[PDB]
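Below: the structure, in structure tokens.
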There are 2 protein chains.
Amino acid sequence: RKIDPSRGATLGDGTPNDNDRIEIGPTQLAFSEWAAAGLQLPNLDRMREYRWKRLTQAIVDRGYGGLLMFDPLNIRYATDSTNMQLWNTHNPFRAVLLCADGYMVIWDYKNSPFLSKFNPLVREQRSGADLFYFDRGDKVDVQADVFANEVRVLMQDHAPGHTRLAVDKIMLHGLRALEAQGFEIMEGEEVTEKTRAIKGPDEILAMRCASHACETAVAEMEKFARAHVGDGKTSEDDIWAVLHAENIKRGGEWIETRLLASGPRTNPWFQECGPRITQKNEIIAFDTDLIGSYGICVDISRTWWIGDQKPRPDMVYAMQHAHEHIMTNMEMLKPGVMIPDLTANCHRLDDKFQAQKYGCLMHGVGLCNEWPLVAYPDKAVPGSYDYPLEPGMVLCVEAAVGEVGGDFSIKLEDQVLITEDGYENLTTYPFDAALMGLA
Amino acid sequence: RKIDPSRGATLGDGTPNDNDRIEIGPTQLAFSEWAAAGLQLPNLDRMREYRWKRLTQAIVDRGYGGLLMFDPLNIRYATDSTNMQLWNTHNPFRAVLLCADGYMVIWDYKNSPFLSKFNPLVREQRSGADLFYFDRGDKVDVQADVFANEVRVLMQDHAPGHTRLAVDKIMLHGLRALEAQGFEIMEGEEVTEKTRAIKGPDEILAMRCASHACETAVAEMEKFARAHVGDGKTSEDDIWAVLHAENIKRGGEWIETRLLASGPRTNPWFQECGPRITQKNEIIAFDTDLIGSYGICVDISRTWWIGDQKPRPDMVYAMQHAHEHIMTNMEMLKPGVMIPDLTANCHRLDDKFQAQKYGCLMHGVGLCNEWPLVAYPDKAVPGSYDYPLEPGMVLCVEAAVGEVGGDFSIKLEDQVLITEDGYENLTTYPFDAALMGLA
Ligand SMILES: [Fe+3]
Ligand SMILES: [Fe+3]
Ligand SMILES: [Fe+3]
Ligand SMILES: [Fe+3]
């Protein structure tokens with residue numbers, strides 16, 4: 001019945017050593033690689049408790065009575081329970097209520113109430129929070145009233161006297177039913193984003209594991225790419241598919257974008273991974289945007305030169321410039337620095353790269369891309385992110401470098417932890433030596 | 001430079017024969033398999049025109065002035081343009097406005113206005129519809145008002161006199177800003193679900209292609225499973241990873257669920273694909289829930305026996321019962337049948353299988369799971385889906401068969417087109433011979 005014969009009743013992360021358990025997670029492949037790498041495993045119970053305590057405190061601090069979550073990523077933060085995450089993202093069938101006294105209720109898919117029972121912090125498993133046309137047709141409104149009354153009763157019993165209810169995102173039928181029950185609806189994302197921005201110690205351990213699994217997956221992809229780019233039939237999709245499979249093999253969950261592109265399709269950036277047949281002596285650039293092991297997002301970007309010739313000198317300069325961009329901007333990071341000061345003091349890209357530079361120079365990361373967004377000075381809005389960095393924040397540091405009308409771009413990105421007195425770059429993946437001008 | 005040297009200026013679906021184009025789509029591998037299989041390809045231009053005309057007409061019929069879409073799946077329907085779909089599903093950065101005169105505008109990611117330029121029906125590419133805390137922090141409200149005013153001006157110019165604006169789903173700041181501009185917000189999903197439910201000729205062609213690619217990919221996964229299950233290390237995730245890769249290799253897009261499970265993890269159903277090490281002489285059941293080539297959803301389910309020994313007799317019976325369930329229910333399908341009569345006349349499962357039967361016996365499908373939902377008699381809600389089937393609808397037909405406390409379940413499902421005179425089962429994938437009671 002054990003999935004790992006070499007261990008006792010529990011796995012290294014404290015979960016049941018049971019091949020037949022309901023709960024999923026990292027595979028034996030991932031665990032094996034992490035152990036060989038000397039990575040400490042998170043304790044999931046302590047992690048779940050940390051997140052829950054923190055989210056409750058956030059509600060209390062704002063003087064709210066509760067927080068109601070329909071975003072699958074917020075539900076994942078609150079409960080660590082998944083259920084058809086990707087379907088859930090555009091079908092709001094699921095909901096979690098967390099009250100000011102810490103009492104937490106989930107409304108799950110009717111047929112699957114068992115999916116969150118591994119987490120005892122989830123005190124109740126209900127159903128009927130699915131308020132959208134596919135699931136209920138012309139009778140959404142009736143159930144919206146049933147649900148909103150349930151939320152009223154829960155709030156009466158667990159947040160008496162509170163009328164402020166924070167909601168991340170809710171269908172209009174739901175919004176109106178809640179307001180009909182006398183709730184003042186507050187901005188749920190302001191609560192969830194600032195809570196999720198600070199990782200506890202187990203989250204950081206989990207993230208270290210996911211990063212390692214991601215870098216392993218990327219290394220398989222680079223091996224495949226260098227092995228058969230230019231063979232006349234290997235597509236962008238063929239290469240990218242390796243990342244998909246190696247992620248899933250290690251217990252990863254999905255990939256957020258299609259940001260892999262070859263040759264002239266790298267400029268302008270944001271062209272999507274497709275059928276293009278790759279060529280010898282061309283750039284390939286990509287962004288992992290990966291929801292990986294333990295559901296942790298690993299967001300890094302690399303640019304490869306593949307071929308028998310040397311890359312052009314303008315390619316080497318661009319690569320070196322981008323690398324300088326993220327290493328300079330990274331060095332600004334430490335606790336107490338104000339986010340708009342990052343914007344104001346950031347490394348200056350050459351004029352010819354300014355037009356097509358990235359949408360931010362940094363952003364938060366956790367279970368996916370997260371607050372804060374650190375804009376370049378010409379896009380930054382005063383009063384949008386007037387907050388200081390704190391230990392436990394994790395920021396991805398970005399560079400997109402390419403000219404208007406040019407035939408290539410560089411994309412680089414590392415994932416960086418804020419520590420007690422500075423920063424630690426979590427990303428160890430190599431930079432292409434030819435593009436760096438070192439080979 | 002051509003991606004397919006055997007063709008002229010265009011590919012079989014009318015798109016440019018250009019290896020370097022922005023637009024993505026099916027790979028040469030997919031096109032090659034479809035040509036081998038005898039499949040007529042969709043014409044994408046005609047398909048895009050059919051959807052747009054139909055969506056515009058839907059607005060006109062209801063007496064609305066416009067329809068505003070933040071669901072990436074509805075955006076896909078209206079424009080056929082993708083952009084970080086999965087990120088978009090839980091980060092509403094994107095919007096499409098379609099007015100009563102057919103005028104259509106997209107607000108896209110700031111850095112990527114070019115992604116919808118291939119569709120001349122999209123008349124403008126703007127930015128600034130991203131109304132959520134990650135993207136704008138404490139200054140969502142300012143841009144919400146800028147966006148809402150833009151919508152007002154467009155509606156004044158292209159739907160003068162109309163104050164009814166259908167919206168599928170929008171963040172509260174956006175909702176408030178639009179209402180402040182005088183709009184009465186109508187249920188957008190009621191419009192999009194009913195429009196999307198009838199597929200044009202080209203959408204049916206695209207779906208035939210997607211179905212074949214999906215079945216091909218599943219064939220690879222079956223090969224992998226039968227060759228490796230029970231080798232002491234092959235996990236659920238290992239098997240499932242094959243479907244991911246093979247889908248991506250054919251220009252597919254993502255998978256909506258984690259519904260693949262082995263052995264006792266199939267009962268109860270909806271346990272998720274994970275690290276479980278698979279065993280010889282065991283059931284593996286799965287649900288593709290796949291967003292495939294041309295962005296079309298293929299939603300089929302099969303159950304497999306892998307082992308030396310024979311399946312148990314109760315397994316074989318359950319499989320037969322399940323297969324009987326869907327084939328009987330499928331026979332109800334033809335134009336003019338009222339959905340609640342599908343419910344009332346459905347095949348009855350044995351008492352022992354009733355408690356855990358699926359959440360529906362049928363549902364629509366197109367770009368993903370869509371309206372209608374056909375519930376079993378004990379869950380159906382009167383007045384929820386009082387509409388007749390029509391030619392061009394596509395419905396998946398479902399069976400979940402398992403006992404309370406049982407150690408396996410059967411899951412079967414086929415994807416069926418409604419024709420002028422009846423139905424056409426689009427799904428050709430075989431049923432497990434041993435489970436069916438053959439040899
Ligand atoms: Fe990214
Ligand atoms: Fe990033
Ligand atoms: Fe399904
Ligand atoms: Fe289905």
Side-chain angles (χ1 to χ4, degrees), chain A residues 84 87 91 109 111 134-135 214 218 243 255-261 269-270 272-273 285-292 297-303 322 326 329 357-366 368-375 394-400 411-416 426-427, chain B residues 83-84 86-88 91 93 109 111-112 134-135 214 255-257 259-260 269-270 285-291 297-302 326 329 357-366 368-375 394-400 411-416 426-427:
Chain A
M84 307 178 266
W87 196 62
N91 297 267
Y109 204 72
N111 300 64
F134 163 55
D135 267 22
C214 179
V218 174
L243 183 60
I255 297 169
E256 291 262 74
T257 68
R258 292 185 70 91
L259 296 183
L260 180 142
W269 188 245
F270 285 103
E272 293 191 296
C273 185
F286 70 94
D287 190 327
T288 58
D289 289 314
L290 180 140
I291 313 305
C297 176
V298 180
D299 194 357
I300 62 184
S301 301
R302 288 299 186 273
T303 302
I326 63 172
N329 289 338
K357 67 181 174 295
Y358 210 62
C360 65
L361 53 110
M362 318 178 176
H363 61 81
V365 67
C368 59
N369 282 19
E370 291 170 357
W371 183 97
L373 189 153
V374 185
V394 184
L395 272 70
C396 292
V397 191
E398 311 257 25
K411 183 71 209 301
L412 302 180
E413 174 187 19
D414 280 355
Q415 185 149 326
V416 183
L426 298 181
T427 304
Chain B
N83 186 6
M84 306 179 282
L86 293 178
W87 195 63
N88 198 2
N91 296 268
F93 69 85
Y109 199 78
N111 296 69
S112 67
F134 169 51
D135 262 27
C214 178
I255 297 166
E256 298 254 76
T257 76
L259 291 183
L260 176 152
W269 190 242
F270 289 104
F286 70 91
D287 189 339
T288 61
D289 290 320
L290 186 135
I291 309 307
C297 177
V298 184
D299 194 354
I300 66 187
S301 298
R302 290 294 187 263
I326 64 179
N329 285 341
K357 62 184 178 302
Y358 213 58
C360 69
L361 63 95
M362 298 176 181
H363 66 77
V365 63
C368 53
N369 284 15
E370 298 164 355
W371 181 99
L373 189 158
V374 192
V394 186
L395 270 45
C396 293
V397 183
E398 307 259 30
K411 181 78 208 311
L412 300 181
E413 171 189 21
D414 285 353
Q415 185 152 323
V416 187
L426 300 172
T427 302

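When reading the values below, keep in mind they use all heavy atoms of this one structure, side chains included, and skip hydrogens, waters and symmetry mates. Below, read A as the first sequence line, B as the second, and so on, with proteins coming before strands; counting in each chain starts at 1. Indexing begins at 1, ligand by ligand and atom by atom, following the structure's order.
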(request) Evaluate side-chain hydrogen bond (donor to acceptor under 3.5 Å, both in side chains) for A:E370 paired with A:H363, printing each intermediate quantity in order. (result) CA-CA 7 Å; A:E370 291 170 357; A:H363 61 81; over 6 Å; no
(message) Working to 10°, measure the angle at the Fe ion (ligand 4) formed by atom NE2 of B:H363 and atom OE2 of B:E413.
(response) 90°
(request) Write the atom name of the N, O or S atom in A:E398 that is nearest the Fe ion (ligand 2). (result) OE2
(message) Could you check whether any side-chain N or O of A:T288 sits under 3.5 Å from a backbone N or O of A:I300, counting only pairs where one atom can act as donor and the other as acceptor?
(response) yes
(request) Examine A:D289 and say whether one of its N/O/S atoms is closer to the Fe ion (ligand 2) than 2.8 Å. (result) no
(request) Using 2.8 Å as a strict upper limit, say whether an N, O or S atom of B:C396 approaches the Fe ion (ligand 4) that closely. (result) no
(request) Check whether NZ of the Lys or CZ of the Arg B:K411 lies under 6.0 Å from the centre of the six-membered ring of B:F270 and within 45 degrees of that ring's axis. (result) no
(message) Between the Fe ion (ligand 4) and B:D299, which N, O or S atom of the residue is the nearest one?
(response) OD2
(request) List the atom of A:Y358, the atom of A:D287, and the distance in Å for their closest heavy-atom pair. (result) OH-OD2, 4.0 Å
(request) Could you tell me whether A:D414 and A:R302 have a side-chain N and a carboxylate O separated by less than 4.0 Å? (result) yes
(request) Determine which of the N, O or S atoms in A:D287 is closest to the Fe ion (ligand 1) and give its atom name. (result) OD2
